[PDB]
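Protein chains in written order, with UniProt numbering: chain A, 761 to 890, 899 to 907; chain B, 1 to 201; chain C, 145 to 201.
From the three backbone atoms N, C-alpha and C, an ideal C-beta is built for every residue, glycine too.
Down below is the structure, laid out as structure tokens.
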Amino acid sequence: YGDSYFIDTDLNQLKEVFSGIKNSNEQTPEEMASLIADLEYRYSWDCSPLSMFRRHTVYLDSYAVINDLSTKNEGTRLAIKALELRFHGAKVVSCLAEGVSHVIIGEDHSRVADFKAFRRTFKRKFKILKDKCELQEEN
Amino acid sequence: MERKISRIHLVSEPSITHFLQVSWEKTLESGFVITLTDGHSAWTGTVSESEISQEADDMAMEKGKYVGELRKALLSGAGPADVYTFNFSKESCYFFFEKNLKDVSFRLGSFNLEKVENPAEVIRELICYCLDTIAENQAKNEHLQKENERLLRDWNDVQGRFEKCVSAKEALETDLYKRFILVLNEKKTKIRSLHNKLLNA
Amino acid sequence: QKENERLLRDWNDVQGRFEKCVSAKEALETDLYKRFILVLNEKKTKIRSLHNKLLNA
């Protein structure tokens, strides 16, 4: 590819090798999400400012009833929350799940009732909320 | 049918005016109920038909203009381009409106009003209608204000997050660039070292 | 009501461009990570072969 096996790389040759490699975005977002997560763990690349809304372990309420993936009501920013949930590196999850570790009250703050009602089904508690600051507590 | 809050102030008396409670037939050229009240007496009324062609030879308008003429005579004030007399013949319980154009005056249609007393109840109904429509308009006002400010804050938040994301895509691009560069540099260092090790016999 | 509609459309267009920029970031990160993964796989195979030949020595 032009990427040597002995002489080190720079920005220019890395970009040229990458572009020479075929454009590679066709798989499901979650498989490559896990791949990015694993590479960040192995290579200490979790330090990216983008690392908390696109790949792994965050919960939210994007629906008037959770476990009901079909209800949608205007009057809040559920769409914007979904649009954000695909950016930094925490997984799009707004369904009753057990293995999820992060629960975050959404911009639709009226669903604190729903958040807590399905929190009983959850094994993780809600934190006092604060990329990482719209209404969030992943710390 | 429909009541409308429109007071065509009668030149003959100020204590009575034709409020609009129009029960319009197939056309306003046809009869409909107009109730004018005093507080001491009330009067409904209907318009006699055919009163359209009387101006047809007079000013030579076109058909259907009588419908708009009647509607704007019923609504508050006179016609924007049609002269009307706003009064009431209490003696005969009758209303009339004018129509003049092209250098000659003429007499438009008229209301053959019918006297129905007890102005108290009809005035109560009219003022209740006023209060209720004010209340519904205020409710629409406050709802529109709420949704407007909600979309305002939504717009501000999405602007902020969009700016964050447009900076961040290139930020992570360059970060991943340098990260891959250094990782592959270390891989090449390992390859060089292993080559040197293999060089030995 | 007019202010409501104009702010609705402003929020909608900025959320749409937010969609566009977020998706562009996703695609760019996907490309970068995938191409780097392929290069790193080549590097690791080369390192493995070097280990094999050094063992054969």
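DSSP-derived helix/strand/coil call for residue i
i        : result
C:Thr174 : helix
A:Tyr819 : strand
A:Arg814 : coil
B:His9   : strand
B:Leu101 : strand
B:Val22  : coil
B:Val122 : helix
C:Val166 : helix
A:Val872 : helix
A:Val860 : coil
B:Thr133 : helix
B:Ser193 : helix
B:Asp82  : coil
C:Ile181 : helix
A:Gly849 : coil
C:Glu149 : helix
B:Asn156 : helix
B:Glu117 : coil
B:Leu144 : helix
B:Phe32  : coil
B:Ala139 : helix
C:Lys187 : helix
A:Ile865 : coil
B:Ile127 : helix
Cutoff 6 Å; reference residue i; Cβ partners in own chain excluding five residues on either side
i       : result
B:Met59 : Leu101, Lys102
B:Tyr66 : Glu29, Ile52
B:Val83 : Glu98, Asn100
B:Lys72 : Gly79
B:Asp38 : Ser15, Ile16, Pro119
Cutoff 8 Å: residue i Cβ touching any chain B Cβ
i                      : result
A:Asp828               : no
A:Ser764               : yes
C:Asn185               : no
A:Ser784               : no
residue 939 of chain A : The structure shown does not extend to residue 939 of chain A, since chain A spans only 761 to 907, so no value can be given for it.
is_contact[residue i, chain C] using C-beta, thresh 8 Å
i                      : result
B:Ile134               : no
residue 240 of chain B : Lying before the first or after the last residue shown, residue 240 of chain B is absent from chain B, which here runs from 1 to 201.
A:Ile781               : yes
B:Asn137               : no
A:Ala839               : yes
A:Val852               : no
A:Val818               : no
A:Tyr761               : yes
B:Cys128               : no
B:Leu172               : yes
Residues that residue i bridges to, as DSSP identifies them
i        : result
B:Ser89  : B:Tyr94
B:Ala42  : B:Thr37
A:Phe766 : Partner(s): none; A:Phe766 has no beta bridge.
B:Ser110 : B:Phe96
B:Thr17  : B:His9, B:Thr37
B:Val47  : B:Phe111
B:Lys4   : B:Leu20
Opening and closing residue of the alpha helix (DSSP H) in which residue i lies
i        : result
A:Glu800 : 789-803
B:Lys65  : 65-74
A:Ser779 : 771-780
A:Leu838 : 838-844
Same chain, Cβ closer than 7 Å to residue i, neighbours up to 5 away in sequence not counted
i        : result
A:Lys900 : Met812, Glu906
A:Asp821 : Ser854, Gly866, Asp868, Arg871, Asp874, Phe875
Below-8 Å beta-carbon distance, residue i vs any chain A residue
i        : result
C:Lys169 : yes
C:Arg179 : yes
B:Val116 : no
B:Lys188 : yes
B:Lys197 : no
B:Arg150 : yes
C:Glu147 : no
Same chain, Cβ closer than 8 Å to residue i, neighbours up to 5 away in sequence not counted
i        : result
A:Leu889 : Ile864, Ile865, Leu903, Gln904, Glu905
B:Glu117 : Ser41, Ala42
A:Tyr823 : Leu829, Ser830, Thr831, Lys832, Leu838, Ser854
A:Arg846 : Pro789, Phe813, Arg814, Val852
B:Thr85  : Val11, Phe96, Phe97, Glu98
A:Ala793 : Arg814, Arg815, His816, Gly849, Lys851
B:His9   : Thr17, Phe86
Within-8 Å CB hit, residue i to chain F
i        : result
C:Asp175 : Any reference to chain F falls outside this structure, whose protein chains are A, B and C.
Contact test: residue i Cβ vs the ligand ATP heavy atom, cutoff 7 Å
i       : result
B:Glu49 : The ligand content of the structure shown is nil, which means the ligand ATP is not present either.
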